[PDB]
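So this block is run32.csv, CSV, C-alpha atoms:
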chain,number,residue,atom,x,y,z
A,417,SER,CA,-37.0,1.9,-29.7
A,418,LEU,CA,-40.1,3.8,-28.9
A,419,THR,CA,-38.8,6.8,-30.8
A,420,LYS,CA,-38.1,4.6,-33.9
A,421,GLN,CA,-41.6,3.2,-33.8
A,422,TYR,CA,-43.0,6.7,-33.5
A,423,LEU,CA,-41.2,7.9,-36.6
A,424,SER,CA,-42.3,4.8,-38.5
A,425,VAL,CA,-46.0,5.3,-37.6
A,426,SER,CA,-45.8,9.0,-38.4
A,427,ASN,CA,-44.5,8.2,-41.9
A,428,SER,CA,-47.2,5.6,-42.5
A,429,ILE,CA,-50.0,7.9,-41.3
A,430,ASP,CA,-48.9,10.7,-43.5
A,431,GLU,CA,-48.8,8.4,-46.6
A,432,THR,CA,-52.3,7.1,-45.8
A,433,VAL,CA,-53.7,10.6,-45.4
A,434,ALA,CA,-52.1,11.7,-48.8
A,435,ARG,CA,-53.7,8.6,-50.4
A,436,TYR,CA,-57.1,9.6,-49.1
A,437,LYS,CA,-56.6,13.1,-50.3
A,438,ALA,CA,-55.8,11.9,-53.9
A,439,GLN,CA,-59.0,9.7,-53.9
A,440,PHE,CA,-61.0,12.7,-52.7
A,441,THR,CA,-59.6,14.9,-55.5
A,442,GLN,CA,-60.5,12.3,-58.1
A,443,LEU,CA,-64.0,12.2,-56.7
A,444,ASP,CA,-64.4,15.9,-56.7
A,445,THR,CA,-63.5,16.2,-60.3
A,446,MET,CA,-66.2,13.8,-61.5
A,447,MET,CA,-68.9,15.3,-59.4
A,448,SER,CA,-68.9,18.4,-61.5
A,449,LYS,CA,-69.6,16.5,-64.7
A,450,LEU,CA,-72.3,14.4,-63.1
A,451,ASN,CA,-74.1,17.4,-61.6
A,452,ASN,CA,-74.0,19.2,-65.0
A,453,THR,CA,-75.4,16.0,-66.4
A,454,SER,CA,-78.3,15.9,-64.0
A,455,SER,CA,-79.1,19.6,-64.5
A,456,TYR,CA,-79.1,19.2,-68.3
A,457,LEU,CA,-81.4,16.2,-68.2
A,458,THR,CA,-83.8,18.1,-65.9
A,459,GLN,CA,-84.0,21.2,-68.2
A,460,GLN,CA,-84.2,19.1,-71.4
A,461,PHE,CA,-87.0,16.8,-70.4
A,462,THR,CA,-88.9,19.5,-68.6
A,463,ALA,CA,-88.8,21.5,-71.8
A,464,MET,CA,-90.0,18.5,-73.9
A,465,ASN,CA,-93.0,18.4,-71.5
B,397,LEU,CA,-36.5,-31.5,-25.1
B,398,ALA,CA,-34.1,-28.8,-23.9
B,399,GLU,CA,-31.5,-30.5,-21.7
B,400,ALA,CA,-30.4,-29.2,-18.3
B,401,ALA,CA,-27.4,-26.8,-17.9
B,402,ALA,CA,-24.3,-28.9,-17.9
B,403,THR,CA,-22.2,-26.0,-16.6
B,404,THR,CA,-22.1,-22.2,-16.8
B,405,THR,CA,-22.5,-21.2,-20.4
B,406,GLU,CA,-19.5,-19.7,-22.3
B,407,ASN,CA,-19.5,-16.1,-23.6
B,408,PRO,CA,-23.2,-15.5,-22.9
B,409,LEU,CA,-23.1,-12.1,-24.4
B,410,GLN,CA,-22.0,-13.5,-27.7
B,411,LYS,CA,-25.1,-15.6,-28.0
B,412,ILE,CA,-27.4,-12.9,-26.6
B,413,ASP,CA,-26.1,-10.5,-29.3
B,414,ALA,CA,-26.4,-13.2,-32.0
B,415,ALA,CA,-30.1,-13.8,-31.2
B,416,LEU,CA,-30.7,-10.0,-31.0
B,417,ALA,CA,-29.1,-9.6,-34.4
B,418,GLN,CA,-31.3,-12.2,-36.0
B,419,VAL,CA,-34.4,-10.7,-34.4
B,420,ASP,CA,-33.5,-7.2,-35.6
B,421,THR,CA,-32.9,-8.6,-39.1
B,422,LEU,CA,-36.4,-10.1,-39.2
B,423,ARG,CA,-37.9,-6.8,-37.8
B,424,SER,CA,-36.2,-4.8,-40.6
B,425,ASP,CA,-37.3,-7.2,-43.3
B,426,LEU,CA,-40.9,-7.1,-42.1
B,427,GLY,CA,-40.8,-3.4,-41.9
B,428,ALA,CA,-39.6,-3.0,-45.5
B,429,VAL,CA,-42.2,-5.5,-46.9
B,430,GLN,CA,-44.9,-3.3,-45.5
B,431,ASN,CA,-43.7,-0.3,-47.5
B,432,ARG,CA,-43.6,-2.6,-50.5
B,433,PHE,CA,-47.2,-3.3,-49.9
B,434,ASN,CA,-47.9,0.4,-49.7
B,435,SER,CA,-46.4,1.0,-53.1
B,436,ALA,CA,-48.4,-1.9,-54.4
B,437,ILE,CA,-51.7,-0.6,-53.2
B,438,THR,CA,-50.9,2.9,-54.6
B,439,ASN,CA,-50.2,1.2,-58.0
B,440,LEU,CA,-53.4,-0.6,-57.8
B,441,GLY,CA,-55.4,2.6,-57.1
B,442,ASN,CA,-53.8,4.5,-60.0
B,443,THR,CA,-54.3,1.6,-62.4
B,444,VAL,CA,-57.9,1.3,-61.3
B,445,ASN,CA,-58.5,4.9,-62.1
B,446,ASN,CA,-56.9,4.7,-65.5
C,4,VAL,CA,-84.8,21.1,-92.5
C,5,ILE,CA,-85.4,18.1,-90.4
C,6,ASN,CA,-82.7,15.5,-90.8
C,7,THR,CA,-79.9,17.3,-88.9
C,8,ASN,CA,-79.6,19.9,-86.2
C,9,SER,CA,-76.3,21.7,-87.0
C,10,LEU,CA,-76.9,24.1,-84.1
C,11,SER,CA,-77.2,21.2,-81.7
C,12,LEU,CA,-73.9,19.9,-83.0
C,13,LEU,CA,-72.1,23.2,-82.6
C,14,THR,CA,-73.4,23.7,-79.1
C,15,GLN,CA,-72.3,20.2,-78.2
C,16,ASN,CA,-68.8,20.9,-79.4
C,17,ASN,CA,-68.6,24.2,-77.5
C,18,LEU,CA,-69.9,22.5,-74.4
C,19,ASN,CA,-67.2,19.9,-74.6
C,20,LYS,CA,-64.5,22.6,-74.9
C,21,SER,CA,-65.9,24.4,-71.9
C,22,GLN,CA,-66.1,21.3,-69.8
C,23,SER,CA,-62.5,20.5,-70.7
C,24,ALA,CA,-61.4,23.9,-69.5
C,25,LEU,CA,-63.5,23.5,-66.3
C,26,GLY,CA,-61.9,20.2,-65.5
C,27,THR,CA,-58.4,21.6,-66.1
C,28,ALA,CA,-59.2,24.4,-63.7
C,29,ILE,CA,-60.8,22.3,-61.0
C,30,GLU,CA,-58.1,19.7,-60.6
C,31,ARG,CA,-55.4,22.4,-60.2
C,32,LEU,CA,-57.6,24.3,-57.7
C,33,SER,CA,-58.3,21.2,-55.6
C,34,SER,CA,-54.8,19.9,-55.5
C,35,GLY,CA,-53.1,23.2,-55.1
C,36,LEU,CA,-50.5,22.1,-57.7
C,37,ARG,CA,-50.1,23.5,-61.2
C,38,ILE,CA,-48.6,20.2,-62.4
C,39,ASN,CA,-50.6,17.0,-62.2
C,40,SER,CA,-49.5,15.1,-65.3
C,41,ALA,CA,-46.7,15.0,-67.8
C,42,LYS,CA,-49.0,16.9,-70.2
C,43,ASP,CA,-49.0,20.2,-68.2
C,44,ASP,CA,-45.3,20.9,-68.5
C,45,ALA,CA,-42.4,18.8,-69.8
C,46,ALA,CA,-39.5,20.7,-68.2
C,47,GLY,CA,-41.4,21.4,-65.0
C,48,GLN,CA,-41.4,17.8,-63.9
C,49,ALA,CA,-37.8,17.3,-64.7
C,50,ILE,CA,-36.7,20.4,-62.8
D,3,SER,CA,-50.1,25.2,-51.4
D,4,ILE,CA,-53.6,26.0,-50.1
D,5,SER,CA,-56.3,23.8,-51.4
D,6,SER,CA,-60.1,24.2,-51.4
D,7,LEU,CA,-61.4,20.6,-51.5
D,8,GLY,CA,-65.0,20.4,-52.4
D,9,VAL,CA,-65.1,23.1,-55.1
D,10,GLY,CA,-66.6,20.8,-57.6
D,11,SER,CA,-68.7,18.4,-55.6
D,12,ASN,CA,-69.9,21.0,-53.0
D,13,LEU,CA,-69.5,18.2,-50.5
D,14,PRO,CA,-68.3,18.1,-46.8
D,15,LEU,CA,-65.1,16.3,-48.0
D,16,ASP,CA,-63.0,18.9,-46.2
D,17,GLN,CA,-64.5,18.2,-42.7
D,18,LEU,CA,-64.4,14.5,-43.5
D,19,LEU,CA,-60.7,14.6,-44.3
D,20,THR,CA,-60.0,16.5,-41.1
D,21,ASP,CA,-61.9,14.0,-39.0
D,22,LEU,CA,-60.0,11.2,-40.7
D,23,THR,CA,-56.7,12.9,-39.9
D,24,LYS,CA,-57.7,13.2,-36.3
D,25,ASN,CA,-58.9,9.6,-36.2
D,26,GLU,CA,-55.7,8.0,-37.6
D,27,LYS,CA,-53.4,9.6,-35.2
D,28,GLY,CA,-55.1,7.6,-32.4
D,29,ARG,CA,-52.5,4.8,-33.1
D,30,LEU,CA,-49.9,7.1,-31.4
D,31,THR,CA,-51.4,7.1,-27.9
D,32,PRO,CA,-50.0,3.7,-26.6
D,33,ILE,CA,-46.5,4.9,-27.6
D,34,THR,CA,-47.1,8.1,-25.7
D,35,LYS,CA,-48.2,6.2,-22.6
D,36,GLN,CA,-45.2,4.0,-22.7
D,37,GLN,CA,-42.8,6.9,-23.2
D,38,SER,CA,-44.3,8.8,-20.3
D,39,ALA,CA,-44.1,5.8,-18.0
D,40,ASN,CA,-40.5,5.1,-18.8
D,41,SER,CA,-39.6,8.8,-18.5
D,42,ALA,CA,-41.2,8.8,-15.0
D,43,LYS,CA,-39.2,5.7,-14.1
D,44,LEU,CA,-35.9,7.4,-15.2
D,45,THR,CA,-36.8,10.5,-13.2
D,46,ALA,CA,-37.5,8.3,-10.1
D,47,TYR,CA,-34.1,6.7,-10.5
D,48,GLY,CA,-32.5,10.1,-10.4
D,49,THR,CA,-34.6,11.0,-7.3
D,50,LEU,CA,-33.3,7.8,-5.6
D,51,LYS,CA,-29.7,8.6,-6.5
D,52,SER,CA,-30.0,12.1,-4.9
E,447,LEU,CA,-34.5,24.9,-53.0
E,448,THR,CA,-37.9,24.2,-51.4
E,449,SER,CA,-38.9,27.7,-52.3
E,450,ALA,CA,-37.9,27.2,-55.9
E,451,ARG,CA,-39.7,23.9,-56.2
E,452,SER,CA,-42.9,25.4,-54.6
E,453,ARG,CA,-42.8,28.3,-57.0
E,454,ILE,CA,-42.4,25.9,-60.0
E,455,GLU,CA,-45.2,23.7,-58.8
E,456,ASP,CA,-47.9,25.4,-56.8
E,457,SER,CA,-50.9,26.6,-58.8
E,458,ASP,CA,-52.1,30.2,-58.5
E,459,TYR,CA,-55.3,30.5,-56.6
E,460,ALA,CA,-56.4,33.7,-58.3
E,461,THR,CA,-56.1,32.5,-61.8
E,462,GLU,CA,-57.6,29.1,-61.0
E,463,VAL,CA,-60.7,30.6,-59.3
E,464,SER,CA,-61.1,33.2,-62.1
E,465,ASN,CA,-61.0,30.6,-64.9
E,466,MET,CA,-63.3,28.3,-62.9
E,467,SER,CA,-66.0,30.9,-62.7
E,468,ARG,CA,-66.1,31.7,-66.4
E,469,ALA,CA,-66.1,28.0,-67.2
E,470,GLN,CA,-69.2,27.3,-65.1
E,471,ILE,CA,-71.0,30.3,-66.6
E,472,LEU,CA,-70.3,29.0,-70.1
E,473,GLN,CA,-71.4,25.5,-69.1
E,474,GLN,CA,-74.8,26.7,-67.9
E,475,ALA,CA,-75.3,28.6,-71.0
E,476,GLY,CA,-74.3,25.7,-73.1
E,477,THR,CA,-76.8,23.3,-71.6
E,478,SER,CA,-79.7,25.8,-71.9
E,479,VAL,CA,-79.0,26.6,-75.5
E,480,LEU,CA,-78.6,23.0,-76.3
E,481,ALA,CA,-82.1,22.2,-75.1
E,482,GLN,CA,-83.5,25.3,-76.8
E,483,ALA,CA,-82.0,24.4,-80.2
E,484,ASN,CA,-83.4,20.9,-79.8
E,485,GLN,CA,-86.9,22.4,-79.3
E,486,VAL,CA,-86.7,25.0,-82.0
E,487,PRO,CA,-86.6,22.6,-85.0
E,488,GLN,CA,-89.2,20.4,-83.4
E,489,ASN,CA,-91.7,23.2,-83.4
E,490,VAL,CA,-90.8,24.7,-86.8
E,491,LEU,CA,-91.3,21.2,-88.3
E,492,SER,CA,-94.5,20.3,-86.5
E,493,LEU,CA,-96.1,23.7,-87.1
E,494,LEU,CA,-95.4,23.4,-90.9
E,495,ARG,CA,-97.2,20.1,-90.3
F,447,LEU,CA,-57.0,-6.9,-34.9
F,448,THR,CA,-59.2,-3.9,-34.8
F,449,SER,CA,-57.3,-2.3,-37.7
F,450,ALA,CA,-57.5,-5.6,-39.7
F,451,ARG,CA,-61.2,-5.9,-39.1
F,452,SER,CA,-61.8,-2.3,-40.0
F,453,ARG,CA,-59.9,-2.8,-43.3
F,454,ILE,CA,-61.7,-6.0,-44.1
F,455,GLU,CA,-65.2,-4.6,-43.3
F,456,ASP,CA,-65.5,-0.9,-43.8
F,457,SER,CA,-66.5,0.5,-47.2
F,458,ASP,CA,-65.0,3.2,-49.4
F,459,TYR,CA,-66.8,6.5,-49.2
F,460,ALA,CA,-65.6,7.7,-52.6
F,461,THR,CA,-66.5,4.6,-54.6
F,462,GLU,CA,-69.9,4.4,-53.0
F,463,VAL,CA,-70.7,8.1,-53.6
F,464,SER,CA,-69.7,7.7,-57.2
F,465,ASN,CA,-72.0,4.7,-57.6
F,466,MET,CA,-74.9,6.6,-55.9
F,467,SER,CA,-74.4,9.5,-58.3
F,468,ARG,CA,-74.4,7.3,-61.4
F,469,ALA,CA,-77.5,5.4,-60.3
F,470,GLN,CA,-79.3,8.6,-59.7
F,471,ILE,CA,-78.5,9.8,-63.2
F,472,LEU,CA,-79.8,6.5,-64.5
F,473,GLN,CA,-83.0,6.8,-62.5
F,474,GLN,CA,-83.8,10.2,-63.9
F,475,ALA,CA,-83.1,9.1,-67.4
F,476,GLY,CA,-85.2,5.9,-67.2
F,477,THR,CA,-88.2,7.8,-65.6
F,478,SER,CA,-88.3,10.3,-68.4
F,479,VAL,CA,-87.7,7.6,-71.0
F,480,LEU,CA,-90.7,5.5,-69.8
F,481,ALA,CA,-92.9,8.6,-69.9
F,482,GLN,CA,-92.0,9.2,-73.5
F,483,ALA,CA,-92.3,5.5,-74.4
F,484,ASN,CA,-95.9,5.5,-73.2
F,485,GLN,CA,-96.4,8.8,-75.1
F,486,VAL,CA,-95.3,7.2,-78.4
F,487,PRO,CA,-98.1,4.7,-79.0
F,488,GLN,CA,-100.4,7.5,-77.7
F,489,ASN,CA,-99.4,9.7,-80.7
F,490,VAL,CA,-99.6,6.6,-82.9
F,491,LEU,CA,-103.3,6.4,-82.1
F,492,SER,CA,-103.7,10.2,-82.2
F,493,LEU,CA,-102.5,10.2,-85.8
F,494,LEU,CA,-104.8,7.3,-86.4
Encoded form using structure tokens:
Amino acid sequence: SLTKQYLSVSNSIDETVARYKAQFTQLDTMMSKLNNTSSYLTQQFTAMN
Amino acid sequence: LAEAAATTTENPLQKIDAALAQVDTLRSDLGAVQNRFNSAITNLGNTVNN
Amino acid sequence: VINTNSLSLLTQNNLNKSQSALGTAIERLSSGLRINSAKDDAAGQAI
Amino acid sequence: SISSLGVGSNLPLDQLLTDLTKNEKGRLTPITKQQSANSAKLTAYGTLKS
Amino acid sequence: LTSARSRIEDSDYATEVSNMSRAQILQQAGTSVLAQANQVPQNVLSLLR
Amino acid sequence: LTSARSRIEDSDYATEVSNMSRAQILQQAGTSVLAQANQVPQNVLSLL
């Protein structure tokens, strides 16, 4: 019974880790665009002056 | 209330195994529903992103 | 000429193209997978 | 294959994920304790039989 | 079979990094020229005055 | 119970980071915009 529970918990943990990884990937993709956005605003309005 | 033991109970192993079978049935069902919920939360996440 | 900045428009479009390419690259890089949607490869997902 | 999380966001996401992985596995410890205890009991039974 | 699937799926690190670099360079250039092109008209027009 | 409380209580790093980023962008914008908004009546008078 202990071994069965061990396998179940292992499966659950692996799934949860993969879910977190997918969330992190989505986050990483957007951060690029947002940083480019901040940089462009900086340059633009500094130039307006 | 549970009455006292009239005599020695017949085929005790039969009843022990019946109860064990019911318990294992419920255990399996509750295990499966958790995976159902896992799939549901994954669906919710993807739909949220979209 | 005042009423329109054609150069601004062209630069905007080129920027959009470049950002598209950048996102395509980044997602693959992070996931480690070449296939992340049905769009990348029709037969790849089936196989 | 190999992944390089954090390429875009230049964040500590990678260390964060590793810490999460370490944290979640904590649920296993009670199972390990019980397994070890029962194994010790079985070994003791063999000792007695000798 | 696992080998075959991995070779169909796994992205190529070299190509990915290579393209990523060029994309970032183009992005920086794009933002800068965007702001510059905004300013250029501004000044031509105001100077004509 | 510990797991249940954690799930009910803790927050999502990813969602909150995204919100922070968006709000920072908004702050930069609005600051610059207010500067220019003040400038605009100023040039109105200047041209006066």
Test item: chain C residues at most 6 Å from chain D, counting all atoms listed in the file, as a list in words
residues 33, 34 and 35 of chain C
Output as a Markdown table one row per residue of chain A within 12 Å of segment 408-427 of chain B: the closest atom pair and its distance in Å to one decimal place, counting only C-alpha atoms, sorted by chain and residue number ascending.
| residue | atom | partner | partner_atom | distance |
| --- | --- | --- | --- | --- |
| A:417 | CA | B:420 | CA | 11.4 |
| A:420 | CA | B:427 | CA | 11.6 |
| A:421 | CA | B:427 | CA | 10.5 |
| A:424 | CA | B:427 | CA | 9.0 |
| A:425 | CA | B:427 | CA | 11.0 |
| A:428 | CA | B:427 | CA | 11.1 |
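Straight-line separation from atom CA of residue 12 of chain C to atom CA of residue 446 of chain A: 23.6 Å.
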Contact residues (chain C, partner chain E, 6 Å, only C-alpha atoms) as a list in words
residues 11, 14, 18, 21, 25, 28, 32, 35, 36 and 37 of chain C
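Going from atom CA of residue 40 of chain C to atom CA of residue 23 of chain C covers 15.1 Å.
Distances here use only C-alpha atoms; by that measure, the residue among F:478, F:473, F:452, F:465 closest to chain A is F:478.
Put simply, atom CA of residue 440 of chain B is 24.5 Å away from atom CA of residue 25 of chain D.
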Show me, as an NGL selection string, every residue of chain A with an atom at most 7 Å from chain D, counting all atoms listed in the file.
:A and (418 or 429 or 433 or 444-445 or 447-448)
How about saving the chosen residues, C-alpha atoms kept, as a PDB file, in the frame of the given file?
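And here's out-v3.pdb as it stands now:
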ATOM      1  CA  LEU A 418     -40.100   3.800 -28.900  1.00  0.00           C
ATOM      2  CA  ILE A 429     -50.000   7.900 -41.300  1.00  0.00           C
ATOM      3  CA  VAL A 433     -53.700  10.600 -45.400  1.00  0.00           C
ATOM      4  CA  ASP A 444     -64.400  15.900 -56.700  1.00  0.00           C
ATOM      5  CA  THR A 445     -63.500  16.200 -60.300  1.00  0.00           C
ATOM      6  CA  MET A 447     -68.900  15.300 -59.400  1.00  0.00           C
ATOM      7  CA  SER A 448     -68.900  18.400 -61.500  1.00  0.00           C
TER       8      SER A 448
END
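The residue that comes closest to residue 430 of chain A, out of D:39, D:24, D:32, D:50 and on the basis of only C-alpha atoms, is D:24.
Counting only C-alpha atoms, the residue from B:429, B:445, B:436, B:398 that sits nearest to chain A is B:445.
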How close does each residue of chain B get to chain A, giving the shortest atom pair and distance in Å to one decimal for every residue with an atom at most 10 Å away, counting all atoms listed in the file, sorted by chain and residue number, as CSV?
residue,atom,partner,partner_atom,distance
B:427,CA,A:424,CA,9.0
B:430,CA,A:428,CA,9.7
B:431,CA,A:428,CA,8.5
B:434,CA,A:431,CA,8.6
B:437,CA,A:435,CA,9.8
B:438,CA,A:435,CA,7.6
B:441,CA,A:439,CA,8.6
B:442,CA,A:439,CA,9.6
B:445,CA,A:442,CA,8.6
What are the residues of chain A that have an atom within 10 Å of an atom of chain E, counting all atoms listed in the file, as a PyMOL selection string?
chain A and resi 448+452-453+455-457+459-464
